[PDB]
Asker: 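Pasting in a structure now, in structure tokens, and then I'll have a few things to ask.
Sequence positions, counted from 1, serve as the residue numbers for this chain. What you see below is based on every heavy atom in this structure, not just the backbone, and it leaves out hydrogens, waters and symmetry mates.
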Amino acid sequence: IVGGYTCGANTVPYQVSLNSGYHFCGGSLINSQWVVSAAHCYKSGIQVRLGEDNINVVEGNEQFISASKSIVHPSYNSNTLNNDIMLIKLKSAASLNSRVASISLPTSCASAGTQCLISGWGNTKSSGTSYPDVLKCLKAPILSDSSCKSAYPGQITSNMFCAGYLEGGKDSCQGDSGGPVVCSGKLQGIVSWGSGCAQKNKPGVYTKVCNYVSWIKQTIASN
Ligand SMILES: NC(=[NH2+])c1ccc2[nH]c(-c3ccccc3O)cc2c1
Ligand SMILES: [Ca+2]
Ligand SMILES: [Cl-]
């Protein structure tokens, strides 16, 4: 997260860190046995870390659970990142409490101007790499589709939306991929891609979760 602030320990209880010996992507807990992340974060050997704040220190509240299976959306296109969503089923259910809690899926899509909270342990520099130990937060609005398509002509599909600041300075970045974009208590986006991080007129692009709720529900019901 570039230009964001320290969230404060466990203030984002649905945030998870996907780990394979180091933090490589974020994710969101939607129930006690399933996490939603981005399809481009897929790899084998994923350990899901819940209740984290400092990812390099065991401070208490952490629950480390192995992934039993990861389900990448069948129509995921790695060249356009269209349908960039993945579901991860946990080997055992997590113990939910006030520090580990799931986030609700939306019943309707959010409108331009909605203010959302984006969080993650991704790079904090737009020019260079500085990875934080604790979770960073950024409040950002969803932009209109015209401003999004004008920033990325020909690369925005109906399954994507832009959120951020066109003046630059505040954005999600590498390491934040797969993590949550929460607006009014509902998971509306997944950190997916962008051009550089926090560059002027190049806002972050996110997977539009309201278009996948029936798919997430049907897939969880059958696995
Ligand atoms: N500017 C943004 N809003 C943004 C968000 C997530 C990102 N993830 C990545 C990324 C870069 C290299 C490898 C994996 C990634 O997810 C870039 C990147 C940029
Ligand atoms: Ca920790
Ligand atoms: Cl276009």
Asker: Out of curiosity, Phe64 CZ to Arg49 CZ, how far, rounded to the nearest 0.5 Å?
Answerer: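 Between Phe64 CZ and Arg49 CZ, I get 3.5 Å after rounding to 0.5 Å.
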Asker: Describe, in one word, how the ring planes of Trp215 and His73 are oriented to each other, choosing from parallel (under 30°), tilted (30 to 60°) and perpendicular (over 60°).
Answerer: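 Ring orientation of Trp215 relative to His73: tilted.
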Asker: Pairs of donor and acceptor atoms involving the side chains of residues 168-178, under 3.5 Å and at least two apart or interchain, shall be tabulated with distances.
Answerer:
residue	atom	partner	partner atom	Å
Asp171	OD2	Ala198	N	3.0
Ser172	OG	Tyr206	OH	2.7
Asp176	OD1	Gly122	N	2.9
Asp176	OD2	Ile1	N	2.8
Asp176	OD2	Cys173	N	2.8
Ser177	OG	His40	NE2	2.8

Asker: Check for me, please, whether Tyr22 and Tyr42 land in the same ILVMFWY cluster - side-chain distances under 4.5 Å, paths through other members count.
Answerer: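 Yes, one cluster joins them.
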Asker: Does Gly8 offer a backbone N or O that forms a donor-acceptor pair with the side chain of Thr11 under 3.5 Å?
Answerer: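 Looks like yes, one N/O pair under 3.5 Å.
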Asker: Counting only heavy atoms not in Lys43, do more than 12 sit closer than 6.0 Å to its NZ atom?
Answerer: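 Above 12, so yes.
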Asker: Check whether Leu18 and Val100 end up in the same hydrophobic cluster, where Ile, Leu, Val, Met, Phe, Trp and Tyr are linked by side-chain heavy atoms less than 4.5 Å apart.
Answerer: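 Linked, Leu18 and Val100 end up in one cluster.
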Asker: Nearest heavy-atom pair of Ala163 and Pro203: which atoms, and what distance?
Answerer: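 Heavy atoms of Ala163 and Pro203 come nearest at O-CB, 4.0 Å.
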Asker: For residues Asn223 and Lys69, is any side-chain donor paired with an opposing acceptor at under 3.5 Å?
Answerer: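 There is such a pair between these side chains.
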Asker: Please identify which of these residues, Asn77, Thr80, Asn82, meets the side chain to side chain donor-acceptor pair (under 3.5 Å) condition with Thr157.
Answerer: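 The option that passes is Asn82.
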Asker: Is there a side-chain contact between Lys136 and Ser119 (heavy atoms, below 4.5 Å)?
Answerer: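 Sidechains of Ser119 and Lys136: no contact.
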Asker: We want to know whether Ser102 and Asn31 form a side-chain donor-acceptor pair, criterion being a heavy-atom distance below 3.5 angstrom.
Answerer: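 Their side chains do not contain a donor-acceptor pair, so the 3.5 Å distance test is not met.
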Asker: Which residues satisfy the side chain to side chain contact (heavy atoms under 4.5 Å, CB included) test with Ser195, sequence neighbours excluded?
Answerer: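 Per chain and number, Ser195 pairs via side chain to side chain contact (heavy atoms under 4.5 Å, CB included) with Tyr152, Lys202.
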Asker: Let's go through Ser150 and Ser147 carefully: what are the C-alpha distance in whole Å and the side-chain angles of both, what is the deciding distance for side chain to side chain donor-acceptor pair (under 3.5 Å) to 0.1 Å, and is it a yes or a no?
Answerer: CA-CA 5 Å; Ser150 293; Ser147 296; over 6 Å; no
Asker: Group every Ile, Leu, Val, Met, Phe, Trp and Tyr by side-chain heavy-atom contacts under 4.5 Å, then state whether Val191 and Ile30 land in the same group.
Answerer: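 Different clusters: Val191 never reaches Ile30 through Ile, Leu, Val, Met, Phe, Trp or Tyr contacts under 4.5 Å.
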Asker: Taking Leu90's backbone N and O only, do any of them form a donor-acceptor pair with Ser68's side chain (distance below 3.5 Å, no angle check)?
Answerer: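 Judged by distance alone, no pair lies under 3.5 Å.
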Asker: Quick one: does any side-chain atom of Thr114 pair with a main-chain N or O of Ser111 as donor and acceptor, under 3.5 Å?
Answerer: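 Checking the backbone N and O of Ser111 against the side chain of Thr114, a donor-acceptor pair under 3.5 Å is found.
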Asker: State, to 0.1 Å, how close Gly3 and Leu138 come at their nearest heavy-atom pair, and which atoms those are.
Answerer: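 That would be O-CD1, 3.8 Å.
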Asker: Test your reading of the model: is there a side-chain donor-acceptor pair from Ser20 to the backbone of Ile46, 3.5 Å cut-off?
Answerer: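 No, because the side chain of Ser20 does not come within donor-acceptor range (under 3.5 Å) of the backbone of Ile46.
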Asker: Show the nearest heavy-atom pair for residues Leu29 and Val16, with the distance to one decimal.
Answerer: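 That would be N-CG1, 3.9 Å.
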Asker: Any donor and acceptor pair, going by atom type alone, linking the side chain of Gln155 with main-chain N or O of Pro153 inside 3.5 Å?
Answerer: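 Yes, because the side chain of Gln155 sits within donor-acceptor range (under 3.5 Å) of the backbone of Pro153.
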Asker: Tell me the closest heavy-atom pair linking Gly128 and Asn123, and the distance in Å.
Answerer: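 Closest approach of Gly128 to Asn123, heavy atoms only: O-ND2, 2.9 Å.
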